[PDB]
>>> print(open('my_file_18.pdb').read())   # PDB, C-alpha atoms and all ligand atoms
ATOM      1  CA  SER R   1     -47.413 -74.403 -22.963  1.00  0.00           C
ATOM      2  CA  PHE R   2     -43.753 -74.162 -24.259  1.00  0.00           C
ATOM      3  CA  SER R   3     -43.203 -76.092 -27.530  1.00  0.00           C
ATOM      4  CA  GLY R   4     -40.277 -76.867 -29.787  1.00  0.00           C
ATOM      5  CA  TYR R   5     -37.491 -76.442 -27.229  1.00  0.00           C
ATOM      6  CA  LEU R   6     -34.290 -78.472 -27.011  1.00  0.00           C
ATOM      7  CA  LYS R   7     -33.507 -79.775 -23.504  1.00  0.00           C
ATOM      8  CA  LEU R   8     -29.964 -78.744 -22.330  1.00  0.00           C
ATOM      9  CA  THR R   9     -30.095 -79.773 -18.638  1.00  0.00           C
ATOM     10  CA  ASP R  10     -32.603 -80.873 -16.013  1.00  0.00           C
ATOM     11  CA  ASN R  11     -34.024 -77.315 -15.884  1.00  0.00           C
ATOM     12  CA  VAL R  12     -32.706 -75.354 -18.945  1.00  0.00           C
ATOM     13  CA  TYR R  13     -34.338 -75.431 -22.406  1.00  0.00           C
ATOM     14  CA  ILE R  14     -33.464 -73.481 -25.609  1.00  0.00           C
ATOM     15  CA  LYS R  15     -35.171 -72.486 -28.873  1.00  0.00           C
ATOM     16  CA  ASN R  16     -34.319 -70.342 -31.930  1.00  0.00           C
ATOM     17  CA  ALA R  17     -37.091 -67.719 -31.648  1.00  0.00           C
ATOM     18  CA  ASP R  18     -37.708 -64.022 -31.065  1.00  0.00           C
ATOM     19  CA  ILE R  19     -38.601 -63.798 -27.336  1.00  0.00           C
ATOM     20  CA  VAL R  20     -41.392 -61.337 -28.294  1.00  0.00           C
ATOM     21  CA  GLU R  21     -43.013 -63.896 -30.599  1.00  0.00           C
ATOM     22  CA  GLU R  22     -42.627 -66.670 -27.988  1.00  0.00           C
ATOM     23  CA  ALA R  23     -44.265 -64.419 -25.352  1.00  0.00           C
ATOM     24  CA  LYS R  24     -47.179 -63.581 -27.686  1.00  0.00           C
ATOM     25  CA  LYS R  25     -47.748 -67.301 -28.362  1.00  0.00           C
ATOM     26  CA  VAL R  26     -47.281 -68.750 -24.826  1.00  0.00           C
ATOM     27  CA  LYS R  27     -48.379 -65.822 -22.574  1.00  0.00           C
ATOM     28  CA  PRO R  28     -46.033 -67.119 -19.826  1.00  0.00           C
ATOM     29  CA  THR R  29     -46.335 -66.249 -16.129  1.00  0.00           C
ATOM     30  CA  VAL R  30     -42.949 -64.486 -16.378  1.00  0.00           C
ATOM     31  CA  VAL R  31     -41.031 -63.018 -19.325  1.00  0.00           C
ATOM     32  CA  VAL R  32     -37.491 -61.668 -18.558  1.00  0.00           C
ATOM     33  CA  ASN R  33     -36.381 -58.359 -20.006  1.00  0.00           C
ATOM     34  CA  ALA R  34     -32.701 -57.584 -20.663  1.00  0.00           C
ATOM     35  CA  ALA R  35     -33.005 -54.221 -18.878  1.00  0.00           C
ATOM     36  CA  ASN R  36     -30.635 -51.366 -18.003  1.00  0.00           C
ATOM     37  CA  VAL R  37     -30.586 -49.599 -14.637  1.00  0.00           C
ATOM     38  CA  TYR R  38     -32.775 -46.702 -15.912  1.00  0.00           C
ATOM     39  CA  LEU R  39     -35.348 -49.050 -17.515  1.00  0.00           C
ATOM     40  CA  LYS R  40     -34.866 -47.184 -20.825  1.00  0.00           C
ATOM     41  CA  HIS R  41     -36.068 -49.843 -23.295  1.00  0.00           C
ATOM     42  CA  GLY R  42     -34.485 -48.574 -26.528  1.00  0.00           C
ATOM     43  CA  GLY R  43     -33.162 -51.572 -28.460  1.00  0.00           C
ATOM     44  CA  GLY R  44     -32.323 -55.276 -28.422  1.00  0.00           C
ATOM     45  CA  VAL R  45     -34.649 -57.427 -26.340  1.00  0.00           C
ATOM     46  CA  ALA R  46     -35.896 -54.453 -24.281  1.00  0.00           C
ATOM     47  CA  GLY R  47     -36.744 -52.248 -27.267  1.00  0.00           C
ATOM     48  CA  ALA R  48     -38.502 -55.193 -28.980  1.00  0.00           C
ATOM     49  CA  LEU R  49     -40.579 -56.141 -25.886  1.00  0.00           C
ATOM     50  CA  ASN R  50     -41.517 -52.501 -25.255  1.00  0.00           C
ATOM     51  CA  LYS R  51     -42.605 -51.991 -28.898  1.00  0.00           C
ATOM     52  CA  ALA R  52     -44.830 -55.069 -28.651  1.00  0.00           C
ATOM     53  CA  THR R  53     -46.580 -53.416 -25.624  1.00  0.00           C
ATOM     54  CA  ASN R  54     -47.271 -50.221 -27.637  1.00  0.00           C
ATOM     55  CA  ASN R  55     -44.890 -48.345 -25.233  1.00  0.00           C
ATOM     56  CA  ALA R  56     -46.979 -49.298 -22.141  1.00  0.00           C
ATOM     57  CA  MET R  57     -43.886 -51.024 -20.667  1.00  0.00           C
ATOM     58  CA  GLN R  58     -41.909 -47.757 -20.962  1.00  0.00           C
ATOM     59  CA  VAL R  59     -44.677 -45.635 -19.368  1.00  0.00           C
ATOM     60  CA  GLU R  60     -44.912 -48.075 -16.431  1.00  0.00           C
ATOM     61  CA  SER R  61     -41.106 -48.210 -16.133  1.00  0.00           C
ATOM     62  CA  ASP R  62     -40.799 -44.395 -16.024  1.00  0.00           C
ATOM     63  CA  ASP R  63     -43.221 -44.281 -13.081  1.00  0.00           C
ATOM     64  CA  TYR R  64     -41.236 -47.053 -11.350  1.00  0.00           C
ATOM     65  CA  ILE R  65     -37.956 -45.097 -11.729  1.00  0.00           C
ATOM     66  CA  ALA R  66     -39.579 -41.813 -10.606  1.00  0.00           C
ATOM     67  CA  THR R  67     -40.697 -43.580  -7.381  1.00  0.00           C
ATOM     68  CA  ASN R  68     -37.722 -45.886  -6.657  1.00  0.00           C
ATOM     69  CA  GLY R  69     -34.669 -44.639  -8.511  1.00  0.00           C
ATOM     70  CA  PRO R  70     -32.449 -46.787 -10.742  1.00  0.00           C
ATOM     71  CA  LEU R  71     -31.881 -50.505 -10.319  1.00  0.00           C
ATOM     72  CA  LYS R  72     -28.426 -51.922  -9.445  1.00  0.00           C
ATOM     73  CA  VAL R  73     -26.346 -53.770 -12.074  1.00  0.00           C
ATOM     74  CA  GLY R  74     -27.100 -57.424 -11.136  1.00  0.00           C
ATOM     75  CA  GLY R  75     -30.549 -56.429  -9.755  1.00  0.00           C
ATOM     76  CA  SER R  76     -34.143 -56.730 -10.896  1.00  0.00           C
ATOM     77  CA  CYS R  77     -37.736 -55.634 -10.420  1.00  0.00           C
ATOM     78  CA  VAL R  78     -41.087 -57.267 -11.185  1.00  0.00           C
ATOM     79  CA  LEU R  79     -43.493 -55.168 -13.273  1.00  0.00           C
ATOM     80  CA  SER R  80     -46.527 -55.984 -15.440  1.00  0.00           C
ATOM     81  CA  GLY R  81     -46.157 -58.256 -18.478  1.00  0.00           C
ATOM     82  CA  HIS R  82     -48.843 -56.203 -20.298  1.00  0.00           C
ATOM     83  CA  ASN R  83     -50.148 -58.143 -23.341  1.00  0.00           C
ATOM     84  CA  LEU R  84     -47.083 -60.484 -23.361  1.00  0.00           C
ATOM     85  CA  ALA R  85     -47.067 -62.263 -19.964  1.00  0.00           C
ATOM     86  CA  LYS R  86     -48.571 -61.973 -16.474  1.00  0.00           C
ATOM     87  CA  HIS R  87     -45.297 -60.354 -15.218  1.00  0.00           C
ATOM     88  CA  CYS R  88     -42.093 -58.969 -16.675  1.00  0.00           C
ATOM     89  CA  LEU R  89     -38.972 -59.567 -14.578  1.00  0.00           C
ATOM     90  CA  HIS R  90     -36.611 -56.697 -15.613  1.00  0.00           C
ATOM     91  CA  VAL R  91     -33.062 -57.986 -14.940  1.00  0.00           C
ATOM     92  CA  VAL R  92     -29.870 -55.876 -15.349  1.00  0.00           C
ATOM     93  CA  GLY R  93     -26.876 -57.864 -16.530  1.00  0.00           C
ATOM     94  CA  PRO R  94     -23.477 -56.032 -16.778  1.00  0.00           C
ATOM     95  CA  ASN R  95     -22.853 -54.181 -20.012  1.00  0.00           C
ATOM     96  CA  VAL R  96     -19.326 -55.033 -21.198  1.00  0.00           C
ATOM     97  CA  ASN R  97     -19.359 -52.194 -23.723  1.00  0.00           C
ATOM     98  CA  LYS R  98     -19.745 -49.824 -20.648  1.00  0.00           C
ATOM     99  CA  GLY R  99     -16.902 -51.726 -18.780  1.00  0.00           C
ATOM    100  CA  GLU R 100     -19.194 -53.251 -16.097  1.00  0.00           C
ATOM    101  CA  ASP R 101     -17.961 -56.193 -13.987  1.00  0.00           C
ATOM    102  CA  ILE R 102     -18.768 -59.467 -15.798  1.00  0.00           C
ATOM    103  CA  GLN R 103     -18.797 -61.262 -12.370  1.00  0.00           C
ATOM    104  CA  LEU R 104     -22.163 -59.438 -11.850  1.00  0.00           C
ATOM    105  CA  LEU R 105     -23.673 -61.775 -14.499  1.00  0.00           C
ATOM    106  CA  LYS R 106     -24.049 -64.567 -11.896  1.00  0.00           C
ATOM    107  CA  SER R 107     -25.839 -62.120  -9.531  1.00  0.00           C
ATOM    108  CA  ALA R 108     -28.141 -61.126 -12.426  1.00  0.00           C
ATOM    109  CA  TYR R 109     -29.124 -64.777 -13.121  1.00  0.00           C
ATOM    110  CA  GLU R 110     -29.770 -65.436  -9.386  1.00  0.00           C
ATOM    111  CA  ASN R 111     -32.905 -63.273  -9.742  1.00  0.00           C
ATOM    112  CA  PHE R 112     -34.424 -66.059 -11.865  1.00  0.00           C
ATOM    113  CA  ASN R 113     -34.467 -68.394  -8.843  1.00  0.00           C
ATOM    114  CA  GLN R 114     -37.358 -66.388  -7.313  1.00  0.00           C
ATOM    115  CA  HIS R 115     -39.715 -67.692 -10.111  1.00  0.00           C
ATOM    116  CA  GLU R 116     -40.650 -71.312 -10.796  1.00  0.00           C
ATOM    117  CA  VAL R 117     -40.659 -70.980 -14.605  1.00  0.00           C
ATOM    118  CA  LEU R 118     -39.474 -68.169 -16.919  1.00  0.00           C
ATOM    119  CA  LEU R 119     -39.211 -67.308 -20.601  1.00  0.00           C
ATOM    120  CA  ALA R 120     -35.827 -65.494 -20.918  1.00  0.00           C
ATOM    121  CA  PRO R 121     -33.067 -64.183 -23.185  1.00  0.00           C
ATOM    122  CA  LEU R 122     -29.292 -64.632 -22.572  1.00  0.00           C
ATOM    123  CA  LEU R 123     -28.296 -61.853 -20.149  1.00  0.00           C
ATOM    124  CA  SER R 124     -25.420 -59.533 -21.024  1.00  0.00           C
ATOM    125  CA  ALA R 125     -25.167 -60.938 -24.565  1.00  0.00           C
ATOM    126  CA  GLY R 126     -26.431 -59.274 -27.758  1.00  0.00           C
ATOM    127  CA  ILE R 127     -26.022 -55.481 -27.592  1.00  0.00           C
ATOM    128  CA  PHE R 128     -24.713 -55.760 -23.949  1.00  0.00           C
ATOM    129  CA  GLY R 129     -21.411 -57.023 -25.333  1.00  0.00           C
ATOM    130  CA  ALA R 130     -20.635 -60.240 -23.410  1.00  0.00           C
ATOM    131  CA  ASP R 131     -19.853 -63.631 -24.932  1.00  0.00           C
ATOM    132  CA  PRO R 132     -23.186 -65.530 -25.319  1.00  0.00           C
ATOM    133  CA  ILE R 133     -21.428 -68.890 -24.809  1.00  0.00           C
ATOM    134  CA  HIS R 134     -20.283 -67.630 -21.388  1.00  0.00           C
ATOM    135  CA  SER R 135     -23.774 -66.273 -20.621  1.00  0.00           C
ATOM    136  CA  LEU R 136     -25.358 -69.692 -21.316  1.00  0.00           C
ATOM    137  CA  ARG R 137     -22.785 -71.411 -19.055  1.00  0.00           C
ATOM    138  CA  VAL R 138     -23.447 -68.980 -16.157  1.00  0.00           C
ATOM    139  CA  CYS R 139     -27.242 -69.493 -16.702  1.00  0.00           C
ATOM    140  CA  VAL R 140     -26.934 -73.337 -16.490  1.00  0.00           C
ATOM    141  CA  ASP R 141     -24.618 -73.106 -13.413  1.00  0.00           C
ATOM    142  CA  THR R 142     -26.757 -70.524 -11.535  1.00  0.00           C
ATOM    143  CA  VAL R 143     -30.467 -70.933 -12.307  1.00  0.00           C
ATOM    144  CA  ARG R 144     -32.222 -73.842 -10.543  1.00  0.00           C
ATOM    145  CA  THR R 145     -35.806 -73.035 -11.618  1.00  0.00           C
ATOM    146  CA  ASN R 146     -37.189 -73.916 -15.084  1.00  0.00           C
ATOM    147  CA  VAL R 147     -35.866 -71.563 -17.747  1.00  0.00           C
ATOM    148  CA  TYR R 148     -36.930 -71.478 -21.430  1.00  0.00           C
ATOM    149  CA  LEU R 149     -34.274 -69.532 -23.375  1.00  0.00           C
ATOM    150  CA  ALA R 150     -35.220 -67.865 -26.682  1.00  0.00           C
ATOM    151  CA  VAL R 151     -32.292 -66.954 -28.971  1.00  0.00           C
ATOM    152  CA  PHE R 152     -33.254 -64.902 -32.058  1.00  0.00           C
ATOM    153  CA  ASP R 153     -30.117 -65.338 -34.161  1.00  0.00           C
ATOM    154  CA  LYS R 154     -30.046 -68.742 -35.886  1.00  0.00           C
ATOM    155  CA  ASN R 155     -26.325 -68.817 -36.412  1.00  0.00           C
ATOM    156  CA  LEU R 156     -25.735 -68.099 -32.719  1.00  0.00           C
ATOM    157  CA  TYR R 157     -28.381 -70.655 -31.616  1.00  0.00           C
ATOM    158  CA  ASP R 158     -26.574 -73.411 -33.635  1.00  0.00           C
ATOM    159  CA  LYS R 159     -23.200 -72.400 -32.147  1.00  0.00           C
ATOM    160  CA  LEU R 160     -24.602 -72.389 -28.547  1.00  0.00           C
ATOM    161  CA  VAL R 161     -26.063 -75.877 -29.003  1.00  0.00           C
ATOM    162  CA  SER R 162     -23.118 -77.453 -30.867  1.00  0.00           C
ATOM    163  CA  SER R 163     -20.581 -76.171 -28.315  1.00  0.00           C
ATOM    164  CA  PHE R 164     -22.626 -77.022 -25.162  1.00  0.00           C
TER     165      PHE R 164
HETATM  166  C1  LIG K 201     -29.562 -61.572 -26.323  1.00  0.00           C
HETATM  167  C2  LIG K 201     -28.995 -62.168 -27.599  1.00  0.00           C
HETATM  168  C3  LIG K 201     -28.041 -63.312 -27.321  1.00  0.00           C
HETATM  169  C4  LIG K 201     -30.041 -62.597 -28.630  1.00  0.00           C
HETATM  170  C5  LIG K 201     -29.400 -63.003 -29.946  1.00  0.00           C
HETATM  171  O1  LIG K 201     -30.357 -63.363 -30.908  1.00  0.00           O
HETATM  172  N1  LIG K 201     -31.059 -61.552 -28.864  1.00  0.00           N
HETATM  173  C6  LIG K 201     -32.397 -61.822 -28.813  1.00  0.00           C
HETATM  174  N2  LIG K 201     -32.780 -63.071 -28.471  1.00  0.00           N
HETATM  175  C7  LIG K 201     -34.106 -63.331 -28.430  1.00  0.00           C
HETATM  176  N3  LIG K 201     -35.133 -62.527 -28.744  1.00  0.00           N
HETATM  177  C8  LIG K 201     -34.713 -61.289 -29.116  1.00  0.00           C
HETATM  178  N4  LIG K 201     -35.516 -60.242 -29.491  1.00  0.00           N
HETATM  179  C9  LIG K 201     -34.714 -59.145 -29.704  1.00  0.00           C
HETATM  180  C10 LIG K 201     -33.411 -59.468 -29.508  1.00  0.00           C
HETATM  181  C11 LIG K 201     -33.381 -60.848 -29.131  1.00  0.00           C
END
>>> encode(input="my_file_18.pdb", output="structure tokens")
Amino acid sequence: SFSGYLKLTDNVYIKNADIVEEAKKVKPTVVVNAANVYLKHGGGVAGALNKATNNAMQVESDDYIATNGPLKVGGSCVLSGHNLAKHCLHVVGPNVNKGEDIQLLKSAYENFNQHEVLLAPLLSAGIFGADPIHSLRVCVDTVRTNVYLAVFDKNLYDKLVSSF
């Protein structure tokens, strides 16, 4: 079902696309959200995915937090994918702008190994403040399952590919 991706490794693929638009087109088994520990989906990938669900992702997430408490940085939970995917894997990468340990980025990507194929963004990059070139390297060196990476910014996509 994935189309137009550039192969980077045996198991990692990349495309210049909004992950929301790719999810609407493909309806993958799993879409990854770039979540925070409170599952407050305000902006970046999380705010865009939640808006595409008409806020249903946020209502589900608030019930999850009321029952279970916050996630750990480096942790994840599986919730519904609503109209975008069968499931959403909410993964918390460290937020560099909040001073979180960047070594937790490898722990964050290890969550992907529980799923055979995923549509995903680069964890900890974008509004989370980490270097996206570093995030792509940790992804390729950590994830063993099949990952389709969507990168919205064209200038960044070209830099990620040309420096790989
Ligand atoms: C995470 C970051 C490197 C990347 C830079 O374009 N942001 C995104 N990538 C893919 N789909 C997106 N929708 C909303 C944001 C967003």
>>> resolve_selection(input="my_file_18.pdb", expression="the PyMOL selection byres (((chain R and resi 4) around 10) and not hetatm)", output="short mmCIF file (atom, residue, chain, number, x, y, z; two decimals) with C-alpha atoms, in the coordinates of the input")
data_model
loop_
_atom_site.label_atom_id
_atom_site.label_comp_id
_atom_site.auth_asym_id
_atom_site.auth_seq_id
_atom_site.Cartn_x
_atom_site.Cartn_y
_atom_site.Cartn_z
CA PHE R 2 -43.75 -74.16 -24.26
CA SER R 3 -43.20 -76.09 -27.53
CA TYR R 5 -37.49 -76.44 -27.23
CA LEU R 6 -34.29 -78.47 -27.01
CA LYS R 7 -33.51 -79.78 -23.50
CA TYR R 13 -34.34 -75.43 -22.41
CA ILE R 14 -33.46 -73.48 -25.61
CA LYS R 15 -35.17 -72.49 -28.87
CA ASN R 16 -34.32 -70.34 -31.93
CA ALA R 17 -37.09 -67.72 -31.65
#
>>> resolve_selection(input="my_file_18.pdb", expression="the PyMOL selection byres (((chain R and resi 48-65) around 8) and not hetatm)", output="PyMOL selection string")
chain R and resi 20+33+38-41+43-47+66-70+79-84
>>> write_last_selection(input="my_file_18.pdb", atoms="C-alpha atoms", output="PDB file, keeping the file's coordinate frame")
ATOM      1  CA  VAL R  20     -41.392 -61.337 -28.294  1.00  0.00           C
ATOM      2  CA  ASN R  33     -36.381 -58.359 -20.006  1.00  0.00           C
ATOM      3  CA  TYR R  38     -32.775 -46.702 -15.912  1.00  0.00           C
ATOM      4  CA  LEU R  39     -35.348 -49.050 -17.515  1.00  0.00           C
ATOM      5  CA  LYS R  40     -34.866 -47.184 -20.825  1.00  0.00           C
ATOM      6  CA  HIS R  41     -36.068 -49.843 -23.295  1.00  0.00           C
ATOM      7  CA  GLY R  43     -33.162 -51.572 -28.460  1.00  0.00           C
ATOM      8  CA  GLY R  44     -32.323 -55.276 -28.422  1.00  0.00           C
ATOM      9  CA  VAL R  45     -34.649 -57.427 -26.340  1.00  0.00           C
ATOM     10  CA  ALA R  46     -35.896 -54.453 -24.281  1.00  0.00           C
ATOM     11  CA  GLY R  47     -36.744 -52.248 -27.267  1.00  0.00           C
ATOM     12  CA  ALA R  66     -39.579 -41.813 -10.606  1.00  0.00           C
ATOM     13  CA  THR R  67     -40.697 -43.580  -7.381  1.00  0.00           C
ATOM     14  CA  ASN R  68     -37.722 -45.886  -6.657  1.00  0.00           C
ATOM     15  CA  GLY R  69     -34.669 -44.639  -8.511  1.00  0.00           C
ATOM     16  CA  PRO R  70     -32.449 -46.787 -10.742  1.00  0.00           C
ATOM     17  CA  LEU R  79     -43.493 -55.168 -13.273  1.00  0.00           C
ATOM     18  CA  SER R  80     -46.527 -55.984 -15.440  1.00  0.00           C
ATOM     19  CA  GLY R  81     -46.157 -58.256 -18.478  1.00  0.00           C
ATOM     20  CA  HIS R  82     -48.843 -56.203 -20.298  1.00  0.00           C
ATOM     21  CA  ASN R  83     -50.148 -58.143 -23.341  1.00  0.00           C
ATOM     22  CA  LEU R  84     -47.083 -60.484 -23.361  1.00  0.00           C
TER      23      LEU R  84
END
>>> residues_near_ligand(input="my_file_18.pdb", ligand="ligand LIG 201 (chain K)", cutoff="6 Å", atoms="all atoms listed in the file", output="list in words")
residues 18, 19, 44, 45, 48, 121, 122, 125, 126, 132, 150, 151, 152 and 153 of chain R
>>> residues_near_point(input="my_file_18.pdb", point="(-45.3, -64.5, -22.6)", cutoff="10 Å", atoms="all atoms listed in the file", output="list in words")
residues 2, 19, 20, 21, 22, 23, 24, 25, 26, 27, 28, 29, 30, 31, 32, 81, 82, 83, 84, 85, 86, 87, 88, 118, 119 and 120 of chain R
>>> resolve_selection(input="my_file_18.pdb", expression="the PyMOL selection byres (((chain R and resi 101-117) around 9) and not hetatm)", output="MDAnalysis selection string")
chainID R and resid 28:30 32 73:76 89 91:96 99:100 118:119 123:124 130 135 138:139 141:148
>>> atom_distance(input="my_file_18.pdb", atom1="atom CA of residue R:127", atom2="atom CA of residue R:8")
24.2 Å
>>> atom_distance(input="my_file_18.pdb", atom1="atom CA of residue R:164", atom2="atom CA of residue R:90")
26.5 Å
>>> atom_distance(input="my_file_18.pdb", atom1="atom CA of residue R:163", atom2="atom CA of residue R:97")
24.4 Å
>>> axis_aligned_box(input="my_file_18.pdb", around="stretch 128-133 of chain R", padding_each_side="8 Å", output="lines of an AutoDock Vina configuration file")
center_x = -22.3
center_y = -62.3
center_z = -24.4
size_x = 20.9
size_y = 29.1
size_z = 17.9
>>> closest_residue(input="my_file_18.pdb", among="R:1, R:77, R:9, R:72", to="residue R:137", atoms="only C-alpha atoms")
R:9
>>> build_atoms(input="my_file_18.pdb", residues="stretch 12-31 of chain R", atoms="N, CA, C and O atoms", output="PDB file, in the coordinates of the input")
ATOM      1  N   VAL R  12     -32.957 -76.375 -17.919  1.00  0.00           N
ATOM      2  CA  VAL R  12     -32.706 -75.354 -18.945  1.00  0.00           C
ATOM      3  C   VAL R  12     -33.040 -75.909 -20.318  1.00  0.00           C
ATOM      4  O   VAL R  12     -32.551 -76.977 -20.693  1.00  0.00           O
ATOM      5  N   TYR R  13     -33.836 -75.136 -21.067  1.00  0.00           N
ATOM      6  CA  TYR R  13     -34.338 -75.431 -22.406  1.00  0.00           C
ATOM      7  C   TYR R  13     -33.988 -74.296 -23.344  1.00  0.00           C
ATOM      8  O   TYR R  13     -33.902 -73.155 -22.872  1.00  0.00           O
ATOM      9  N   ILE R  14     -33.846 -74.545 -24.666  1.00  0.00           N
ATOM     10  CA  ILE R  14     -33.464 -73.481 -25.609  1.00  0.00           C
ATOM     11  C   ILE R  14     -34.181 -73.633 -26.926  1.00  0.00           C
ATOM     12  O   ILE R  14     -34.453 -74.745 -27.387  1.00  0.00           O
ATOM     13  N   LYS R  15     -34.476 -72.517 -27.586  1.00  0.00           N
ATOM     14  CA  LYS R  15     -35.171 -72.486 -28.873  1.00  0.00           C
ATOM     15  C   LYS R  15     -34.705 -71.298 -29.688  1.00  0.00           C
ATOM     16  O   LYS R  15     -34.399 -70.231 -29.134  1.00  0.00           O
ATOM     17  N   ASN R  16     -34.635 -71.450 -31.013  1.00  0.00           N
ATOM     18  CA  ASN R  16     -34.319 -70.342 -31.930  1.00  0.00           C
ATOM     19  C   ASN R  16     -35.633 -69.618 -32.200  1.00  0.00           C
ATOM     20  O   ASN R  16     -36.504 -70.095 -32.946  1.00  0.00           O
ATOM     21  N   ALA R  17     -35.842 -68.475 -31.532  1.00  0.00           N
ATOM     22  CA  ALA R  17     -37.091 -67.719 -31.648  1.00  0.00           C
ATOM     23  C   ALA R  17     -36.866 -66.302 -31.170  1.00  0.00           C
ATOM     24  O   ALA R  17     -35.942 -66.081 -30.342  1.00  0.00           O
ATOM     25  N   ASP R  18     -37.677 -65.347 -31.651  1.00  0.00           N
ATOM     26  CA  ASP R  18     -37.708 -64.022 -31.065  1.00  0.00           C
ATOM     27  C   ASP R  18     -38.472 -64.179 -29.738  1.00  0.00           C
ATOM     28  O   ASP R  18     -39.627 -64.678 -29.741  1.00  0.00           O
ATOM     29  N   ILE R  19     -37.895 -63.703 -28.612  1.00  0.00           N
ATOM     30  CA  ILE R  19     -38.601 -63.798 -27.336  1.00  0.00           C
ATOM     31  C   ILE R  19     -39.958 -63.090 -27.367  1.00  0.00           C
ATOM     32  O   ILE R  19     -40.883 -63.521 -26.678  1.00  0.00           O
ATOM     33  N   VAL R  20     -40.092 -62.022 -28.170  1.00  0.00           N
ATOM     34  CA  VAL R  20     -41.392 -61.337 -28.294  1.00  0.00           C
ATOM     35  C   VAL R  20     -42.444 -62.269 -28.887  1.00  0.00           C
ATOM     36  O   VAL R  20     -43.574 -62.310 -28.413  1.00  0.00           O
ATOM     37  N   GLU R  21     -42.066 -62.988 -29.949  1.00  0.00           N
ATOM     38  CA  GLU R  21     -43.013 -63.896 -30.599  1.00  0.00           C
ATOM     39  C   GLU R  21     -43.347 -65.076 -29.694  1.00  0.00           C
ATOM     40  O   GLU R  21     -44.507 -65.515 -29.649  1.00  0.00           O
ATOM     41  N   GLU R  22     -42.355 -65.578 -28.947  1.00  0.00           N
ATOM     42  CA  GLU R  22     -42.627 -66.670 -27.988  1.00  0.00           C
ATOM     43  C   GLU R  22     -43.571 -66.177 -26.896  1.00  0.00           C
ATOM     44  O   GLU R  22     -44.505 -66.883 -26.528  1.00  0.00           O
ATOM     45  N   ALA R  23     -43.378 -64.940 -26.391  1.00  0.00           N
ATOM     46  CA  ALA R  23     -44.265 -64.419 -25.352  1.00  0.00           C
ATOM     47  C   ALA R  23     -45.673 -64.258 -25.877  1.00  0.00           C
ATOM     48  O   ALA R  23     -46.617 -64.664 -25.197  1.00  0.00           O
ATOM     49  N   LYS R  24     -45.835 -63.739 -27.104  1.00  0.00           N
ATOM     50  CA  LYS R  24     -47.179 -63.581 -27.686  1.00  0.00           C
ATOM     51  C   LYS R  24     -47.904 -64.913 -27.848  1.00  0.00           C
ATOM     52  O   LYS R  24     -49.128 -64.984 -27.683  1.00  0.00           O
ATOM     53  N   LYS R  25     -47.171 -65.964 -28.155  1.00  0.00           N
ATOM     54  CA  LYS R  25     -47.748 -67.301 -28.362  1.00  0.00           C
ATOM     55  C   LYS R  25     -48.094 -68.001 -27.037  1.00  0.00           C
ATOM     56  O   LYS R  25     -49.207 -68.584 -26.899  1.00  0.00           O
ATOM     57  N   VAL R  26     -47.167 -67.972 -26.062  1.00  0.00           N
ATOM     58  CA  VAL R  26     -47.281 -68.750 -24.826  1.00  0.00           C
ATOM     59  C   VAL R  26     -48.031 -68.015 -23.717  1.00  0.00           C
ATOM     60  O   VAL R  26     -48.655 -68.618 -22.843  1.00  0.00           O
ATOM     61  N   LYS R  27     -47.881 -66.672 -23.673  1.00  0.00           N
ATOM     62  CA  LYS R  27     -48.379 -65.822 -22.574  1.00  0.00           C
ATOM     63  C   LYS R  27     -47.905 -66.371 -21.215  1.00  0.00           C
ATOM     64  O   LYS R  27     -48.703 -66.812 -20.364  1.00  0.00           O
ATOM     65  N   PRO R  28     -46.582 -66.488 -21.037  1.00  0.00           N
ATOM     66  CA  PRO R  28     -46.033 -67.119 -19.826  1.00  0.00           C
ATOM     67  C   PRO R  28     -46.311 -66.330 -18.579  1.00  0.00           C
ATOM     68  O   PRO R  28     -46.619 -65.118 -18.617  1.00  0.00           O
ATOM     69  N   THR R  29     -46.206 -66.979 -17.408  1.00  0.00           N
ATOM     70  CA  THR R  29     -46.335 -66.249 -16.129  1.00  0.00           C
ATOM     71  C   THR R  29     -45.264 -65.146 -16.038  1.00  0.00           C
ATOM     72  O   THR R  29     -45.563 -64.048 -15.584  1.00  0.00           O
ATOM     73  N   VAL R  30     -44.033 -65.441 -16.463  1.00  0.00           N
ATOM     74  CA  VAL R  30     -42.949 -64.486 -16.378  1.00  0.00           C
ATOM     75  C   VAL R  30     -42.147 -64.456 -17.681  1.00  0.00           C
ATOM     76  O   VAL R  30     -41.627 -65.491 -18.115  1.00  0.00           O
ATOM     77  N   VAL R  31     -41.980 -63.260 -18.245  1.00  0.00           N
ATOM     78  CA  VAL R  31     -41.031 -63.018 -19.325  1.00  0.00           C
ATOM     79  C   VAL R  31     -39.900 -62.142 -18.728  1.00  0.00           C
ATOM     80  O   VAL R  31     -40.190 -61.172 -18.032  1.00  0.00           O
TER      81      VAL R  31
END
